Ligand SMILES: Nc1ncnc2c1ncn2[C@@H]1O[C@H](COP(=O)(O)OP(=O)(O)OP(=O)(O)O)[C@@H](O)[C@H]1O
Ligand SMILES: Nc1ncnc2c1ncn2[C@@H]1O[C@H](COP(=O)(O)OP(=O)(O)OP(=O)(O)O)[C@@H](O)[C@H]1O
Ligand SMILES: Nc1ncnc2c1ncn2[C@@H]1O[C@H](COP(=O)(O)OP(=O)(O)OP(=O)(O)O)[C@@H](O)[C@H]1O
Ligand SMILES: Nc1ncnc2c1ncn2[C@@H]1O[C@H](COP(=O)(O)OP(=O)(O)OP(=O)(O)O)[C@@H](O)[C@H]1O
Ligand SMILES: Nc1ncnc2c1ncn2[C@@H]1O[C@H](COP(=O)(O)OP(=O)(O)OP(=O)(O)O)[C@@H](O)[C@H]1O
Ligand SMILES: Nc1ncnc2c1ncn2[C@@H]1O[C@H](COP(=O)(O)OP(=O)(O)OP(=O)(O)O)[C@@H](O)[C@H]1O
Ligand SMILES: [Mg+2]
Ligand SMILES: [Mg+2]
Ligand SMILES: [Mg+2]
Ligand SMILES: [Mg+2]
Ligand SMILES: [Mg+2]
Ligand SMILES: [Mg+2]
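Protein chains in written order, with the UniProt record's numbering: chain H, 17 to 109, 123 to 249, 255 to 497; chain Z, 17 to 109, 123 to 249, 255 to 497; chain V, 17 to 109, 123 to 249, 255 to 497.
Below is the structure:
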């Protein structure tokens with residue numbers, strides 16, 4: 017096996033199966049604005065913070081003052097690290126460069142080296158053979174010195190050659206690719222480990238986000259128990275065999291206006307009533323509209339929000355990508371430590387996105403909720419309000435544990451509502467589909483449609 | 017006919033119809049990180065291990081120390097082979126190179142030669158005619174010496190020119206292509222024999238995987259008997275004419291929440307009850323959730339797992355490709371030697387993949403199960419819970435031998451379940467569709483819906 | 017008109033409408049491994065064998081020893097032809126080359142000349158004008174000498190320029206293109222005559238295969259009679275007005291598990307019972323599984339196979355392309371001389387292929403069966419087991435003469451089977467759809483569903 021230096025970057029050590037190999041060069045290639053400089057800075061910063069390993073950052077484009085000023089936005093005080101001698105910033109804006130880097134490593138006992146852009150040096154030569162030869166010389170000398178080095182290079186096209194000259198991949202022992210894919214006028218950041226000589230790794234592209242704390246890569255044994263939480267509606271708990279499970283994931287799917295937001299609001303209100311903290315992520319309604327609707331339902335969200343029990347986070351789905359929404363949800367969960375989380379609509383997050391990306395987002399959110407033992411209440415909007423046979427437009431049914439189905443039923447020329455417990459993993463539940471009503475006091479559950487047939491199609495026939 | 021030297025690489029001799037021709041050059045071309053160095057190392061290593069044939073590995077990019085260090089991750093002690101004189105590693109980091130290779134072949138009685146990258150030598154020349162001339166000289170000299178040589182070259186594009194200069198294919202007698210296709214943010218490794226002068230071979234691309242033992246290529255007369263195994267449910271055995279066949283493949287397809295995992299769990303529990311070893315591959319639920327659900331069904335998986343009778347392997351479908359899942363399943367089957375294997379969901383493995391790839395995966399798994407005389411229990415999730423007419427979204431019905439159909443039936447405003455034996459190859463089975471119930475004691479099978487019509491559509495009408 | 021020299025290559029003279037023009041140059045262009053060398057060798061070999069016309073093969077890449085060694089795999093003893101003086105192999109690994130070729134033609138009285146690769150000579154020049162001028166000189170001199178010449182050139186892209194320099198097409202009188210198209214990870218060989226100056230030809234691409242006998246091109255007045263063969267089921271013969279026709283093509287289409295393989299097995303068993311030879315091509319089941327299923331049906335295939343009456347050929351559809359399957363079927367038919375041929379499933383061959391290619395394959399197989407007066411029993415699997423309205427997923431209904439329809443019918447909560455004679459060309463047949471049963475003694479045909487309506491949809495209603 018090969019010893020691996022943990023980069024301590026969130027999620028990178030998972031895909032790399034223990035981190036970057038010790039003493040081997042890693043080349044991170046990407047287009048402008050992908051996060052190469054941030055990756056190289058965070059490598060050294062996390063190394064210094066977690067293991068006291070000195071770092072040397074050799075820069076070519078940005079001045080050291082610019083590097084420190086940019087890092088200050090992340091809370092990283094690189095200036096005090098330079099004063100303490102833990103971090104060194106070499107200015108290089123090839124043999125002499127390697128000699129100076131070696132001298133810096135010797136003087137500061139550096140364990141990690143970062144090279145901001147070797148491409149700027151290679152700009153002086155047009156032949157790819159010369160670039161390959163000089164990169165091989167640099168990598169060989171770095172390996173001989175024994176310092177783990179992370180160099181970054183530039184790309185012209187997202188889906189094309191891995192590097193500018195097409196020969197950098199064949200030289201470096203380790204290759205990592207940062208991509209900023211523009212599709213549907215939306216930008217998505219992806220990370221892909223192309224080649225790790227001598228060790229296994231995860232294969233493919235995984236989304237990552239840049240936040241105030243740096244890079245947060247999402248590298249896509256959950257515990258279970260018999261403790262049952264209360265949804266908030268007594269009939270909905272009786273139908274579920276004694277309420278939802280603590281670790282369960284509940285998905286309430288139905289057409290617009292069937293009462294998904296009402297169930298979400300009752301879930302949050304019941305969470306806060308038992309002195310538990312709850313988070314409500316809203317994507318179809320604003321905070322004031324939610325307050326007015328809750329007041330129409332006889333529920334005071336203002337009092338529970340003043341007590342810091344309920345946190346309502348409202349944003350438009352189009353304001354950020356799905357991975358950004360996942361990162362925001364995770365950050366809010368970490369900051370607030372909630373017992374329950376609810377989402378106003380997954381279909382709102384599903385607007386204008388591919389099925390695979392939405393499924394990945396749902397899998398990530400549900401896995402994080404189960405890992406943190408947080409009761410999650412997701413909701414989904416069906417495209418057709420009657421005659422729908424697919425539970426969800428994007429198949430996420432297998433992911434969830436408990437499913438609630440809300441639908442419209444046309445009876446006597448009136449649009450009544452029907453609610454049913456579609457499935458519950460590990461628990462008995464009522465199979466009947468029952469009439470669902472909404473009034474000033476909230477939701478009510480009535481008897482089932484025993485006298486009707488073809489109820490699922492939305493246009494039943496009395497028999 | 018042409019004599020062929022067996023490469024002993026798993027699956028390569030099947031597609032090459034006996035191995036690489038003796039005394040002829042084979043050029044393996046691919047992009048960075050496809051497995052060219054691994055292929056060339058494994059060729060010589062397997063030759064030495066299986067036939068005591070000495071091997072010579074000429075390297076250009078990696079140092080011999082790097083080669084040995086990388087090989088050590090596979091358990092290949094190349095250093096002791098160098099000490100024993102069976103393996104030689106020439107360092108070349123063109124006529125002089127050929128003279129040194131010939132001297133190494135003469136001194137060590139080499140039978141196999143591997144060339145890591147002739148492209149690095151060709152980098153010195155830009156004209157494709159010069160590259161073609163020098164490659165022809167090298168191949169002609171290698172043929173004159175009589176050593177079977179495997180050279181590797183580099184590619185820039187996966188679907189484009191076969192080699193960097195576009196002339197390497199017209200020189201070498203044998204051409205093999207390694208591709209690392211990136212599609213849907215997922216990487217897939219493929220192997221394609223382009224041209225074998227003088228001999229037949231399989232045509233097209235076949236998936237291969239890199240594991241701790243090296244390359245495991247999957248090159249996509256099964257025996258039958260009348261011995262009948264027990265599923266675990268007595269009614270499901272009565273309906274099947276006395277249980278499933280030992281060599282049969284059973285596919286239980288239905289909507290979410292119909293009871294596929296219950297049948298899989300009963301299958302595994304009955305396998306382990308008769309002191310047989312069983313494997314359960316889970317993709318929709320974790321180990322703890324499976325344990326809790328089994329406990330809710332009155333089945334103790336913990337006791338049977340402590341006895342090393344049941345092996346539960348749980349992973350996310352998105353963590354690896356379909357060929358990787360097939361390799362993992364095969365490795366677990368080889369390590370555990372199970373009588374029965376069960377899969378929690380094929381549709382989970384079918385997320386975000388093409389129909390052809392999923393069908394190939396199913397064909398491979400079923401063929402391996404039948405070849406090893408292992409009773410396999412596959413399950414499939416239908417997109418629509420009612421009104422579905424296609425048995426499976428991806429047509430794999432022809433592959434399977436026995437099919438069980440689970441469906442939802444809306445009767446009296448309640449979602450009951452129906453189970454039916456769709457087909458059984460070589461055995462009589464009950465044609466009735468019977469009511470299916472789930473309780474604390476497990477599954478129950480009741481009388482059929484004799485009084486209803488259009489049961490298949492999911493919304494029957496009492497007649 | 018122009019006199020044409022028959023190349024004697026199987027299927028080439030059909031598309032070329034009598035062969036290559038005499039005294040005119042033909043340039044065959046294709047990528048690596050398409051079959052250019054094989055085409056040029058087979059041209060001279062077939063000329064010598066069939067008309068005693070001496071041939072001269074001028075080679076540039078392969079040595080004459082390599083050429084003979086490669087040809088020996090096809091059974092072509094080129095060495096004895098060189099000794100006899102019928103064949104000459106000139107080694108050239123431009124004016125001097127033409128002088129030597131002319132001397133060889135004069136000395137050996139050569140009538141056909143083949144040039145393995147003029148592209149290798151043209152590699153010395155980069156200007157396309159020089160290549161065009163020298164190729165024009167070569168073609169003009171060859172025409173002046175009066176020898177029919179087949180030169181081959183190289184291509185970089187399958188769908189792009191016809192030749193490397195883009196000027197070879199405008200020089201040569203005749204242009205032929207060999208393509209090796211890679212699509213869906215599958216390779217397909219195609220042949221296309223681009224331009225024949227002065228004569229007509231077939232237009233477009235036609236599949237061809239390379240086998241142990243060389244190139245077998247498939248260039249896509256059938257006789258009829260009133261002799262009626264017996265299917266094997268007496269009721270199925272009564273319904274068909276006295277059995278199938280000898281020259282008829284029968285297609286039995288239905289869902290999985292309806293009994294297509296049972297009908298195929300009964301067809302083969304009845305063929306062999308009357309001392310006729312029969313061939314069964316299996317693609318969904320192995321030989322042992324077929325034997326076990328036949329034994330369950332009371333039919334002993336082993337005894338009839340020992341008598342060399344029945345030949346069972348089993349293979350996976352994914353092991354070869356559709357044209358390869360057609361070639362294998364034709365070769366087996368030629369070797370065994372069968373009275374009847376049966377196919378276990380056309381839909382198995384239809385996996386992962388385009389509709390047009392499958393239709394071409396079906397047309398070819400049916401035309402060959404009708405031309406050879408062989409009774410063919412094809413079968414097709416429908417995607418939907420109920421409610422299907424298209425007879426076949428890929429429309430091949432017009433091709434066939436007799437159609438049998440098998441379907442599932444849900445009656446009284448049980449999945450019964452229905453069989454119907456959809457159509458019969460030139461013969462009266464029963465229009466009723468009758469109940470179909472399978473038991474230990476085989477198939478049984480019962481009364482029709484006179485009391486039901488909407489039987490075709492699979493969910494009838496008693497009236
Ligand atoms: N505090 C921050 N919060 C959020 N995003 C930030 C923050 N600081 C920087 N970024 C983002 O980091 C991205 C990458 O910045 P970086 O300096 O690493 O560029 P780069 O990938 O090295 O590019 P180049 O080589 O073209 O200079 C920028 O596009 C910017 O949007
Ligand atoms: N005071 C009230 N009395 C009766 N019904 C009410 C009252 N307030 C709201 N409703 C009902 O609430 C329904 C909408 O419920 P909800 O806010 O949960 O929406 P939803 O089903 O989640 O869909 P979406 O947010 O996409 O519109 C409306 O159709 C309306 O009939
Ligand atoms: N022990 C291992 N387990 C799993 N995968 C491994 C292991 N060792 C190496 N690999 C994989 O083998 C792949 C190919 O490695 P290899 O050294 O053969 O590269 P290559 O195809 O010759 O590339 P290049 O010519 O760019 O150097 C790497 O991308 C790596 O992911
Ligand atoms: N103790 C129990 N009593 C009654 N029913 C139960 C019990 N435990 C589970 N169930 C039933 O099991 C059903 C789900 O069964 P199972 O775990 O086999 O799922 P499945 O059909 O394979 O689908 P998926 O895993 O995709 O959700 C639920 O709908 C629920 O009604
Ligand atoms: N006995 C055989 N059986 C089956 N296929 C064969 C046999 N002999 C040769 N082939 C096939 O013939 C194909 C073409 O071989 P050939 O020597 O004609 O190459 P080519 O088209 O002239 O290529 P190039 O110009 O690159 O050398 C090979 O790819 C090989 O797979
Ligand atoms: N001994 C038997 N008794 C009764 N029915 C039998 C017997 N053996 C087989 N069958 C029936 O044969 C059916 C399958 O028939 P067959 O082998 O012809 O398949 P098919 O319709 O060609 O489809 P496929 O090969 O795609 O599964 C099964 O549904 C089963 O009910
Ligand atoms: Mg920069
Ligand atoms: Mg809402
Ligand atoms: Mg290498
Ligand atoms: Mg399940
Ligand atoms: Mg050739
Ligand atoms: Mg069959």
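Cβ atoms here follow ideal geometry from the backbone N, Cα and C, with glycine treated the same way.
Look at the beta carbons and you see the segment 335-350 of chain H touching the segment 302-315 of chain H: at least three pairs across the two are nearer than 8 Å. Apart from the 5 residues on each side of it in sequence, residue 84 of chain Z sits with its Cβ closer than 7 Å to the Cβ of 94, 95 in its chain, given in chain order.
Distance between residue 360 of chain V and residue 397 of chain V, taken at the CA atoms: about 11 Å.
According to DSSP, residue pairing for residue 348 of chain Z in a beta bridge involves Z:316. Fewer than three beta-carbon pairs drawn from the segment 324-339 of chain Z and the segment 363-372 of chain Z are found closer than 8 Å, and the two stretches are therefore not classed as touching. Among the bridge pairs identified by DSSP, residue 70 of chain Z is matched with none.
When the Cα atoms are used, residue 33 of chain H and residue 480 of chain Z turn out to be separated by approximately 51 Å. Beta-bridge pairing by DSSP links residue 203 of chain V to V:42, V:225. With 16 or more neighbouring CB atoms inside 10 Å of its own CB, residue 492 of chain V falls in the buried class. At a threshold of 7 Å, residue 457 of chain V does not count as near ligand 10, since its beta carbon sits no closer than that to any of the ligand's heavy atoms. Non-local C-beta neighbours of residue 123 of chain V in its own chain, meaning closer than 6 Å and more than five positions away in sequence, comprise 163, ordered along the chain.
Residue burial is scored here from C-beta neighbours: residue 268 of chain V has fewer than 16 other C-beta atoms within 10 angstroms and is therefore classed as exposed.
The beta carbon of residue 191 of chain Z is closer than 8 Å to those of 45, 184, 197, 198, 204, 206, 223 in its chain, skipping five residues each way along the sequence. For residue 460 of chain H, the residues of chain Z that pass the 7 Å Cβ criterion are 326, 327, 330, in the order they occur in the chain. At a C-beta separation below 8 Å, residue 417 of chain V has these neighbours in chain Z: 424, 429. Sixteen is the threshold: when 16 or more other Cβ atoms of the shown chains lie within 10 Å of the Cβ of residue 483 of chain H, as they do, the residue is buried. Remark: the C-beta of residue 296 of chain V is in contact range of ligand 6, defined as less than 7 Å to any heavy atom. Taking residue 76 of chain Z as reference, the option from Z:403, Z:469, Z:151, Z:188 with the minimal CA-CA separation is Z:151. Straight-line measurement puts the Cα of residue 97 of chain V at about 34 Å from the Cα of residue 179 of chain Z. The beta carbon of residue 335 of chain V is closer than 6 Å to those of 325, 328 in its chain, skipping five residues each way along the sequence. Listed by position in the chain, the residues whose beta carbon lies within less than 5 Å of some heavy atom of ligand 1 are H:48, H:49, H:50, H:51, H:52, H:53, H:54, H:89, H:239. Taking 8 Å as the cut-off, the Cβ atoms of residue 127 of chain Z and residue 161 of chain Z do not count as close. At least one heavy atom of ligand 9 lies less than 7 Å from the C-beta of residue 78 of chain Z. Using a CB distance cut-off of 8 Å, residue 185 of chain Z counts as an interface residue toward chain H. Contact of residue 394 of chain H with chain Z by beta-carbon distance below 8 Å involves 352. Residue 404 of chain Z is classed as buried because its beta carbon has at least 16 other beta carbons within 10 Å across all chains shown.
Within 7 Å of the C-beta of residue 82 of chain H there is not a single heavy atom belonging to ligand 7. In the DSSP annotation of this structure, the continuous segment of the alpha helix (DSSP H) that includes residue 361 of chain V starts and ends at 356-370. Residue 482 of chain Z is bridged by DSSP to Z:468.
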